[PDB]
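Next comes work18.cif, a file with mmCIF, C-alpha atoms.
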data_start
loop_
_atom_site.label_atom_id
_atom_site.label_comp_id
_atom_site.auth_asym_id
_atom_site.auth_seq_id
_atom_site.Cartn_x
_atom_site.Cartn_y
_atom_site.Cartn_z
CA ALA V 2 183.09 58.79 97.17
CA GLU V 3 186.46 60.40 96.36
CA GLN V 4 184.66 63.53 97.59
CA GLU V 5 184.53 61.82 100.99
CA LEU V 6 188.20 60.88 100.69
CA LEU V 7 189.16 64.43 99.70
CA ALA V 8 187.16 66.18 102.41
CA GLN V 9 189.34 64.33 104.96
CA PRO V 10 192.86 65.64 104.12
CA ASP V 11 193.96 68.59 106.26
CA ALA V 12 196.66 71.28 106.04
CA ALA V 13 197.45 69.52 102.73
CA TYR V 14 195.08 71.94 101.07
CA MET V 15 195.87 72.13 97.34
CA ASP V 16 198.77 69.68 97.25
CA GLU V 17 199.54 67.83 93.99
CA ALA V 18 196.80 65.35 94.86
CA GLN V 19 194.14 67.91 95.74
CA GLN V 20 194.91 69.89 92.56
CA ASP V 21 194.87 66.74 90.40
CA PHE V 22 191.37 66.20 91.81
CA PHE V 23 189.92 69.53 90.64
CA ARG V 24 191.70 69.45 87.32
CA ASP V 25 189.66 66.26 86.73
CA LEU V 26 186.46 67.87 87.97
CA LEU V 27 186.89 71.00 85.91
CA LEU V 28 187.77 69.20 82.69
CA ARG V 29 184.75 66.93 83.07
CA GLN V 30 182.54 69.99 83.52
CA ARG V 31 184.35 71.64 80.60
CA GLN V 32 183.61 68.77 78.23
CA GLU V 33 180.08 68.61 79.57
CA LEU V 34 179.53 72.33 79.07
CA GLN V 35 181.28 72.23 75.69
CA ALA V 36 178.99 69.44 74.45
CA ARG V 37 175.92 71.16 75.91
CA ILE V 38 176.81 74.35 74.03
CA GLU V 39 177.11 72.28 70.84
CA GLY V 40 173.56 71.22 71.68
CA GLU V 41 172.13 74.73 72.09
CA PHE V 42 173.85 75.58 68.77
CA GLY V 43 172.04 72.94 66.67
CA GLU V 44 169.06 73.78 68.85
CA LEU V 45 169.47 77.18 67.17
CA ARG V 46 170.04 75.78 63.66
CA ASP V 47 166.50 74.48 64.12
CA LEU V 48 165.03 77.99 64.33
CA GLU V 49 167.08 78.97 61.27
CA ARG V 50 165.18 76.20 59.45
CA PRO V 51 162.89 77.59 56.66
CA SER V 52 160.56 80.12 58.31
CA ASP V 53 156.80 80.54 57.77
CA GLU V 54 154.78 83.78 57.93
CA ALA V 55 152.43 82.97 60.84
CA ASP V 56 154.82 81.23 63.28
CA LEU V 57 157.40 83.98 62.60
CA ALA V 58 156.29 86.06 65.62
CA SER V 59 156.99 83.69 68.54
CA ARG V 60 159.79 81.80 66.78
CA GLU V 61 161.84 84.99 66.51
CA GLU V 62 161.43 85.87 70.19
CA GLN V 63 162.22 82.23 71.02
CA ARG V 64 165.48 82.57 69.03
CA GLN V 65 165.98 85.68 71.15
CA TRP V 66 165.82 83.61 74.34
CA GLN V 67 168.19 80.96 72.92
CA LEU V 68 170.84 83.54 72.04
CA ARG V 69 171.02 84.75 75.65
CA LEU V 70 171.35 81.22 77.01
CA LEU V 71 173.89 80.39 74.31
CA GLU V 72 175.62 83.58 75.40
CA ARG V 73 175.58 82.81 79.14
CA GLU V 74 176.74 79.30 78.32
CA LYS V 75 179.60 80.49 76.07
CA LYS V 76 180.92 82.71 78.86
CA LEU V 77 180.65 80.01 81.53
CA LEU V 78 183.06 78.04 79.33
CA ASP V 79 185.68 80.76 79.67
CA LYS V 80 185.12 80.93 83.44
CA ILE V 81 186.12 77.24 83.53
CA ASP V 82 188.99 77.66 81.07
CA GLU V 83 190.28 80.47 83.31
CA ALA V 84 190.16 78.26 86.40
CA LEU V 85 191.81 75.46 84.42
CA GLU V 86 194.66 77.86 83.77
CA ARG V 87 194.73 79.10 87.36
CA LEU V 88 195.52 75.44 88.16
CA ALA V 89 198.42 75.40 85.70
CA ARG V 90 200.03 78.56 87.14
CA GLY V 91 199.52 77.09 90.64
CA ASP V 92 197.33 79.98 91.72
CA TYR V 93 194.21 77.84 92.06
CA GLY V 94 192.18 77.45 95.26
CA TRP V 95 193.30 80.71 96.79
CA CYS V 96 191.10 83.74 97.46
CA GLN V 97 191.95 86.59 95.11
CA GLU V 98 191.39 89.49 97.49
CA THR V 99 193.03 87.97 100.58
CA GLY V 100 195.45 85.19 99.57
CA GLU V 101 193.45 83.10 102.10
CA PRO V 102 192.29 79.57 101.21
CA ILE V 103 188.95 79.21 99.43
CA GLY V 104 186.93 76.52 101.23
CA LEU V 105 187.50 72.97 100.02
CA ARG V 106 183.75 72.33 100.46
CA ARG V 107 183.13 75.67 98.77
CA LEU V 108 185.31 74.82 95.76
CA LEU V 109 183.52 71.49 95.43
CA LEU V 110 180.12 73.08 94.79
CA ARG V 111 181.60 75.85 92.68
CA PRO V 112 185.01 74.73 91.36
CA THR V 113 184.87 78.01 89.48
CA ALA V 114 184.69 80.34 92.51
CA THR V 115 187.45 82.97 92.84
CA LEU V 116 186.87 84.45 96.30
CA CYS V 117 186.87 82.98 99.77
CA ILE V 118 183.65 83.28 101.86
CA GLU V 119 184.43 86.37 103.96
CA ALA V 120 185.72 88.22 100.89
CA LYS V 121 182.35 87.49 99.26
CA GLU V 122 180.54 88.67 102.40
CA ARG V 123 182.57 91.89 102.25
CA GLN V 124 181.94 92.34 98.52
CA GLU V 125 178.20 91.77 98.90
CA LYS V 126 178.25 94.26 101.80
CA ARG V 127 179.79 96.91 99.51
CA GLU V 128 177.18 96.05 96.87
CA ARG V 129 174.50 96.95 99.48
CA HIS V 130 175.65 100.58 99.04
#
Could you rewrite the structure in this file as structure tokens?
Amino acid sequence: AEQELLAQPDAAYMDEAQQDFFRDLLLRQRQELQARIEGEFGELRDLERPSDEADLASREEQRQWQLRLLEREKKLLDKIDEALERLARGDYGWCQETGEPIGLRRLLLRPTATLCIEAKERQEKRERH
């Protein structure tokens, strides 16, 4: 895998190559998410289909569930679009609190992540109080 290949470079963290890698990843996820949203939309235009009196009860509260997913989903898209821009500005891959590098492994599992590990530990530790 290119993942294998990538997880072998060194203090070349976020060079033109490494960046080009994640731009690919993100865009793929973007198109995937985009098309999945389009799904949950028509999946909604199926509860807008002519309603009946009896099935009205559950069908409404089912539409209620959809709208929250469709909402989570729609936001996730922006999260990606934001990271895709971070890449353009050349601010990608770096921890926002401390300019420190965000793990390459880390970024692989969540390309969308904005903090490095220890920053997250410290932010979760504040949350505890």
Handout entry: Residues in the PyMOL selection byres ((chain V and resi 107-119) around 12), expressed as a VMD selection string
Key = chain V and resid 3 to 5 7 to 8 14 to 15 19 to 20 22 to 31 77 to 88 92 to 106 120 to 126
Exercise for the section: Quote the spacing between CA of residue 73 (chain V) and CA of residue 60 (chain V) in Å to one decimal place. Expected result: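 Pair CA of residue 73 (chain V) / CA of residue 60 (chain V) returns 20.1 Å.
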Exercise for the section: Quick one: pull the distance between CA of residue 33 (chain V) and CA of residue 47 (chain V), Å, one decimal. Expected result: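 Straight-line distance from CA of residue 33 (chain V) to CA of residue 47 (chain V) works out to 21.4 Å.
Among the candidate residues V:34, V:91, V:63, V:43, the one lying nearest to residue 76 (chain V) is V:34, with distances computed using only C-alpha atoms.
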Hey, what comes out of the PyMOL selection byres ((chain V and resi 45) around 12) on this file? Could you write it as an mmCIF file with C-alpha atoms, in the coordinates of the input?
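Printed below is result_3.cif as written:
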data_model
loop_
_atom_site.group_PDB
_atom_site.id
_atom_site.type_symbol
_atom_site.label_atom_id
_atom_site.label_comp_id
_atom_site.auth_asym_id
_atom_site.auth_seq_id
_atom_site.Cartn_x
_atom_site.Cartn_y
_atom_site.Cartn_z
ATOM 1 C CA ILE V 38 176.810 74.350 74.030
ATOM 2 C CA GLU V 39 177.110 72.280 70.840
ATOM 3 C CA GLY V 40 173.560 71.220 71.680
ATOM 4 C CA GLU V 41 172.130 74.730 72.090
ATOM 5 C CA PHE V 42 173.850 75.580 68.770
ATOM 6 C CA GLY V 43 172.040 72.940 66.670
ATOM 7 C CA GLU V 44 169.060 73.780 68.850
ATOM 8 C CA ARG V 46 170.040 75.780 63.660
ATOM 9 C CA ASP V 47 166.500 74.480 64.120
ATOM 10 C CA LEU V 48 165.030 77.990 64.330
ATOM 11 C CA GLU V 49 167.080 78.970 61.270
ATOM 12 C CA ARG V 50 165.180 76.200 59.450
ATOM 13 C CA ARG V 60 159.790 81.800 66.780
ATOM 14 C CA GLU V 61 161.840 84.990 66.510
ATOM 15 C CA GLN V 63 162.220 82.230 71.020
ATOM 16 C CA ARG V 64 165.480 82.570 69.030
ATOM 17 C CA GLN V 65 165.980 85.680 71.150
ATOM 18 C CA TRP V 66 165.820 83.610 74.340
ATOM 19 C CA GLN V 67 168.190 80.960 72.920
ATOM 20 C CA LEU V 68 170.840 83.540 72.040
ATOM 21 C CA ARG V 69 171.020 84.750 75.650
ATOM 22 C CA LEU V 70 171.350 81.220 77.010
ATOM 23 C CA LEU V 71 173.890 80.390 74.310
#
Provide an axis-aligned box for all listed atoms of region 46-56 of chain V, padding each side by 5 Å; report its centre and its edge lengths in Å to one decimal, as AutoDock Vina command-line options.
--center_x 161.2 --center_y 79.1 --center_z 60.5 --size_x 27.6 --size_y 19.3 --size_z 17.7
Practice task
Could you tell me how far CA of residue 89 (chain V) lies from CA of residue 6 (chain V), in Å and to one decimal?
Solution key: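 Between these atoms lies a distance of 23.2 Å.
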Exercise for the section: Find the residue from V:59, V:127, V:18, V:75 that sits nearest to residue 37 (chain V); use all atoms listed in the file when measuring. Expected result: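 Using all atoms listed in the file, the shortest distance to residue 37 (chain V) belongs to V:75.
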Practice task
Kindly indicate which residue among V:62, V:74, V:56, V:2 lies nearest to residue 36 (chain V), using all atoms listed in the file for the distances.
Solution key: V:74
Complete region 74-110 of chain V at the level of N, CA and C atoms, written as an mmCIF file, keeping the file's coordinate frame.
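New file result_9.cif:
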data_model
loop_
_atom_site.group_PDB
_atom_site.id
_atom_site.type_symbol
_atom_site.label_atom_id
_atom_site.label_comp_id
_atom_site.auth_asym_id
_atom_site.auth_seq_id
_atom_site.Cartn_x
_atom_site.Cartn_y
_atom_site.Cartn_z
ATOM 1 N N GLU V 74 176.020 80.551 78.463
ATOM 2 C CA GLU V 74 176.740 79.300 78.320
ATOM 3 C C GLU V 74 178.169 79.524 77.813
ATOM 4 N N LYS V 75 178.302 80.259 76.710
ATOM 5 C CA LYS V 75 179.600 80.490 76.070
ATOM 6 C C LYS V 75 180.594 81.179 77.003
ATOM 7 N N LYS V 76 180.076 82.006 77.906
ATOM 8 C CA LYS V 76 180.920 82.710 78.860
ATOM 9 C C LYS V 76 181.344 81.770 79.988
ATOM 10 N N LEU V 77 180.380 81.022 80.524
ATOM 11 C CA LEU V 77 180.650 80.010 81.530
ATOM 12 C C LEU V 77 181.863 79.172 81.145
ATOM 13 N N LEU V 78 181.951 78.826 79.859
ATOM 14 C CA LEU V 78 183.060 78.040 79.330
ATOM 15 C C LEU V 78 184.387 78.719 79.645
ATOM 16 N N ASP V 79 184.457 80.022 79.398
ATOM 17 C CA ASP V 79 185.680 80.760 79.670
ATOM 18 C C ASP V 79 185.997 80.764 81.155
ATOM 19 N N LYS V 80 184.980 81.010 81.983
ATOM 20 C CA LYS V 80 185.120 80.930 83.440
ATOM 21 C C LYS V 80 185.880 79.656 83.844
ATOM 22 N N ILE V 81 185.460 78.517 83.296
ATOM 23 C CA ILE V 81 186.120 77.240 83.530
ATOM 24 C C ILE V 81 187.541 77.244 82.977
ATOM 25 N N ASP V 82 187.680 77.632 81.714
ATOM 26 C CA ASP V 82 188.990 77.660 81.070
ATOM 27 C C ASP V 82 189.988 78.511 81.856
ATOM 28 N N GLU V 83 189.479 79.577 82.477
ATOM 29 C CA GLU V 83 190.280 80.470 83.310
ATOM 30 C C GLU V 83 190.758 79.757 84.571
ATOM 31 N N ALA V 84 189.841 79.041 85.216
ATOM 32 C CA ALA V 84 190.160 78.260 86.400
ATOM 33 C C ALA V 84 191.133 77.139 86.047
ATOM 34 N N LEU V 85 190.916 76.508 84.895
ATOM 35 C CA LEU V 85 191.810 75.460 84.420
ATOM 36 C C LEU V 85 193.230 75.971 84.249
ATOM 37 N N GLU V 86 193.352 77.247 83.900
ATOM 38 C CA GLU V 86 194.660 77.860 83.770
ATOM 39 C C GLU V 86 195.207 78.252 85.139
ATOM 40 N N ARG V 87 194.336 78.767 86.002
ATOM 41 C CA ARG V 87 194.730 79.100 87.360
ATOM 42 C C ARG V 87 195.472 77.897 87.952
ATOM 43 N N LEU V 88 194.912 76.705 87.737
ATOM 44 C CA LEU V 88 195.520 75.440 88.160
ATOM 45 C C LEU V 88 196.928 75.240 87.624
ATOM 46 N N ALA V 89 197.125 75.551 86.346
ATOM 47 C CA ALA V 89 198.420 75.400 85.700
ATOM 48 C C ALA V 89 199.478 76.298 86.333
ATOM 49 N N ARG V 90 199.132 77.572 86.521
ATOM 50 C CA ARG V 90 200.030 78.560 87.140
ATOM 51 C C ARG V 90 200.284 78.253 88.627
ATOM 52 N N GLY V 91 199.374 77.498 89.240
ATOM 53 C CA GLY V 91 199.520 77.090 90.640
ATOM 54 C C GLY V 91 198.909 78.132 91.551
ATOM 55 N N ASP V 92 198.038 78.957 90.977
ATOM 56 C CA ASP V 92 197.330 79.980 91.720
ATOM 57 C C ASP V 92 195.908 79.577 92.063
ATOM 58 N N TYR V 93 195.572 78.309 91.847
ATOM 59 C CA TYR V 93 194.210 77.840 92.060
ATOM 60 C C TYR V 93 193.910 77.686 93.549
ATOM 61 N N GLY V 94 192.632 77.770 93.910
ATOM 62 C CA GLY V 94 192.180 77.450 95.260
ATOM 63 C C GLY V 94 192.396 78.533 96.294
ATOM 64 N N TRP V 95 193.043 79.616 95.881
ATOM 65 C CA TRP V 95 193.300 80.710 96.790
ATOM 66 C C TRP V 95 192.495 81.963 96.461
ATOM 67 N N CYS V 96 191.924 82.542 97.514
ATOM 68 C CA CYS V 96 191.100 83.740 97.460
ATOM 69 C C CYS V 96 191.874 84.864 96.801
ATOM 70 N N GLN V 97 191.241 85.567 95.872
ATOM 71 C CA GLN V 97 191.950 86.590 95.110
ATOM 72 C C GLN V 97 192.210 87.858 95.891
ATOM 73 N N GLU V 98 191.221 88.305 96.658
ATOM 74 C CA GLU V 98 191.390 89.490 97.490
ATOM 75 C C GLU V 98 192.428 89.223 98.583
ATOM 76 N N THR V 99 192.062 88.449 99.601
ATOM 77 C CA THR V 99 193.030 87.970 100.580
ATOM 78 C C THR V 99 193.544 86.650 100.050
ATOM 79 N N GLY V 100 194.861 86.464 100.019
ATOM 80 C CA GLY V 100 195.450 85.190 99.570
ATOM 81 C C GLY V 100 194.922 83.942 100.277
ATOM 82 N N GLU V 101 194.078 84.150 101.287
ATOM 83 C CA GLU V 101 193.450 83.100 102.100
ATOM 84 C C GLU V 101 192.873 81.934 101.300
ATOM 85 N N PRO V 102 192.789 80.739 101.923
ATOM 86 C CA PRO V 102 192.290 79.570 101.210
ATOM 87 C C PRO V 102 190.803 79.684 100.952
ATOM 88 N N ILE V 103 190.374 79.343 99.740
ATOM 89 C CA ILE V 103 188.950 79.210 99.430
ATOM 90 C C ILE V 103 188.519 77.857 99.960
ATOM 91 N N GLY V 104 187.423 77.811 100.701
ATOM 92 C CA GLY V 104 186.930 76.520 101.230
ATOM 93 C C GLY V 104 187.003 75.317 100.294
ATOM 94 N N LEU V 105 187.532 74.205 100.792
ATOM 95 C CA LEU V 105 187.500 72.970 100.020
ATOM 96 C C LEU V 105 186.061 72.553 99.681
ATOM 97 N N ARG V 106 185.179 72.552 100.686
ATOM 98 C CA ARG V 106 183.750 72.330 100.460
ATOM 99 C C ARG V 106 183.239 73.322 99.439
ATOM 100 N N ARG V 107 183.514 74.600 99.681
ATOM 101 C CA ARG V 107 183.130 75.670 98.770
ATOM 102 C C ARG V 107 183.528 75.325 97.336
ATOM 103 N N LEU V 108 184.823 75.133 97.103
ATOM 104 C CA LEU V 108 185.310 74.820 95.760
ATOM 105 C C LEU V 108 184.656 73.594 95.147
ATOM 106 N N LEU V 109 184.182 72.667 95.971
ATOM 107 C CA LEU V 109 183.520 71.490 95.430
ATOM 108 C C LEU V 109 182.237 71.865 94.733
ATOM 109 N N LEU V 110 181.416 72.699 95.369
ATOM 110 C CA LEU V 110 180.120 73.080 94.790
ATOM 111 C C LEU V 110 180.282 74.070 93.652
#
